[PDB]
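Input: a single structure, listed below in C-alpha cells.
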Amino acid sequence: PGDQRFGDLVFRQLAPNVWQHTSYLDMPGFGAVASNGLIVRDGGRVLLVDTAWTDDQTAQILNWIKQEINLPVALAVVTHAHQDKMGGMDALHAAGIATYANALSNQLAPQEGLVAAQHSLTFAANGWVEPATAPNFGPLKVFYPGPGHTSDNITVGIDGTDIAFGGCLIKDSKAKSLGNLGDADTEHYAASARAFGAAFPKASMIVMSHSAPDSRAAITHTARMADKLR
Ligand SMILES: [Zn+2]
Ligand SMILES: [Zn+2]
C-alpha cells in the first residue's frame, strides 16, 4: 500500500512530513533483507534517520529527496553500528551532511568496518539525549532505551506525529524471531523494549528496521519474546 519505487529502493509516506525508506541486501540462507529508516521534513530542511545498507543506496535516498522534496538534508542520525544503519555514511559525508550517533556507536564503528558519525550523542539516566549534544534536531526526540538489539541502539520519536521509530530493537506484532541477536544484550532486552514504549506512550504507529509499520502491539510482542531470552 502506497509504496513508491525509486531505483532499487522503496519509499512510503507515513505522515504529511514523514516517509519510510527501504533498501535491500542479499544474505546467505536468507535472501534479500529489507532495512527501513526515515525521512522527515522539518520546515525548510530534511532530517534523515539511518542510512541504507550501502553508499550507493544511500546516494539514491538523497536523489529521491532531491526529486520529491528538494530541500537540504540538514543532518542524519544513525541508530547503531551495524551495516543496515551506518553502511552509507561516506555518501552522507560526501554530500556535506552532518552526522550524529550514540558515542558508543562511534567507538565501535571502525572495528565493525563502518565509518563513524561526525558527532557523538550522549544520554541522561532517564534515557533522553542530552539536548546540547543534539543541536537542531527539530522534532526528532532521541531516546536510549537501554541495551537490547545492541549495546548502542537508540530510538527516535517525531514531535507533531503519532510515530515512534524502534530501529532494530522492535519487531512487528507477528514477528517469528528477534532477528540477529549476535550483538544483543539478552538480559536487558525486554526492559529496553518496554522503556521504548514508555518513552513514546502516545505513539500509535511504531516504525521498525525490519518490518512494516505496526501498532503498539509490536512493542508488547517484542518485549514478550525478549522475556524468553533472560
Ligand atoms: Zn543491528
Ligand atoms: Zn538490523
Side-chain angles (χ1 to χ4, degrees), residues 8-10 12 20-39 48-58 61 76-89 91-92 99-117 120-121 123 127 142-156 163-173 175 177-193 195-196 206-214 218-219 221-223 225-226 229:
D8 209 48
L9 281 77
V10 177
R12 185 182 180 186
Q20 180 182 254
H21 65 80
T22 304
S23 60
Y24 294 89
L25 195 76
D26 295 317
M27 267 196 209
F30 261 158
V33 181
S35 185
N36 305 318
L38 292 169
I39 303 168
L48 182 66
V49 180
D50 292 329
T51 77
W53 296 92
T54 72
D55 289 332
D56 271 15
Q57 293 169 344
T58 302
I61 291 174
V77 58
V78 293
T79 56
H80 63 278
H82 272 165
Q83 185 185 353
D84 43 338
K85 313 280 90 188
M86 283 185 88
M89 297 299 287
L92 297 188
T99 58
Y100 296 80
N102 187 351
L104 182 51
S105 303
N106 289 330
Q107 289 180 344
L108 300 167
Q111 68 199 35
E112 293 294 325
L114 300 170
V115 175
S120 286
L121 308 172
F123 299 84
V142 186
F143 182 75
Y144 177 64
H149 167 72
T150 57
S151 56
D152 61 318
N153 51 213
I154 58 174
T155 64
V156 189
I163 293 166
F165 183 66
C168 298
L169 178 69
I170 303 297
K171 311 308 189 197
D172 68 85
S173 69
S177 79
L178 286 167
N180 170 32
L181 290 167
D183 293 311
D185 189 331
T186 58
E187 168 59 17
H188 302 101
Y189 203 134
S192 296
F196 168 74
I206 307 311
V207 182
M208 299 153 29
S209 289
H210 297 300
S211 328
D214 195 9
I219 307 171
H221 180 70
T222 294
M225 284 206 63
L229 295 178

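Both ligands and their constituent atoms are indexed starting at 1 by order of listing. Start at 1 with the first residue, then count along the sequence.
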Worksheet item: Atom CG in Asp26, atom CH2 in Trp53: separation rounded to 0.5 Å?
Response: 10.0 Å
Worksheet item: Rounded to the nearest 0.5 Å, how far apart are CG of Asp172 and OG1 of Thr222?
Response: 7.5 Å
Worksheet item: For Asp84, what is the atom name of its N, O or S atom nearest to the Zn ion (ligand 2)?
Response: OD2
Item to complete: Verify whether one side chain among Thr79 and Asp50 offers a donor that lies under 3.5 Å from an acceptor in the other.
Response: yes
Item to complete: State, with a plain yes or no, whether a side-chain heavy atom of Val142 is found less than 4.5 Å away from one of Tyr100.
Response: no
Item to complete: Looking at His80, pick out the N, O or S atom nearest to the Zn ion (ligand 1) and give its name.
Response: NE2
Discussion item. With rounding to 10 degrees, what does the angle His210:NE2 / the Zn ion (ligand 2) / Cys168:SG come to?
Written reply: 100°
Fill in: Angle subtended at the Zn ion (ligand 1) by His82 ND1 and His149 NE2, rounded to 10 degrees
110°
